[PDB]
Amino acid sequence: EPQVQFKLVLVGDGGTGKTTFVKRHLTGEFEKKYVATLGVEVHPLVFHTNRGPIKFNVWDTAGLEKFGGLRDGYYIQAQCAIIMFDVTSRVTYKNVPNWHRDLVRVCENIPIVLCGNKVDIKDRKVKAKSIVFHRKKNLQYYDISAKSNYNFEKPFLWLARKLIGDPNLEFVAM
């Protein structure tokens, strides 16, 4: 059970829920406020698994342009990524190809998950039958909710399986 750590890059339009998702994993709290991330904040996330601990260094990046910081410069040396959008905002899914573009132009062969967040909300605007971008880009897609705990660990599980190279990896508590 040695300590492997991976640079994970978290990108998406602002207000998608990037920071709220990481904070709930880090502390269990759900943040209701929208406080834009300036530049990048790096938060270590440790998962315990049936084959020993895995640490993701989450580079939580800013989605508003005015707060971009070094933008694609933060992506150097990333080993995986999550792209987030908000299923209550079409603009976010439309800009997902742009996040994907900037990412793969810096890290070509890295496992990437795409997440549609906020599926708890009743007025869903990006319909499940519409989300197809990940197919041809060979991405995983998970519908998730930072608020309801829906598919909450799935993105990390997949990345962990793909990075450790064990299809049967599972997350354990302590």
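Residue positions are given as counts along the sequence shown, with the first one as 1.
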> Averaging C-alpha B-factors over each stretch, which comes out higher, 158-166 or 7-15?
Replying inline: 158-166
>> Going by the mean C-alpha B-factor recorded in the entry, which is higher: 33-41 or 51-59?
In response: 51-59
>> Sorting 105, 136, 122, 118 by Cα temperature factor from the record, which one lands on top?
In response: 122
>> Is residue 114 in the lowest, middle or highest third of its chain when residues are ranked by C-alpha B-factor?
In response: lowest
> residue 77: which third of its chain by C-alpha temperature factor?
Replying inline: highest
>> Lowest, middle or highest third: which one holds residue 26 when the chain's residues are ordered by CA B-factor from the entry?
In response: highest
> What third of the chain, by the recorded C-alpha B-factor, contains residue 46?
Replying inline: highest
> Should residue 145 be placed in the lowest, middle or highest third of its chain by the C-alpha B factor in the entry?
Replying inline: lowest
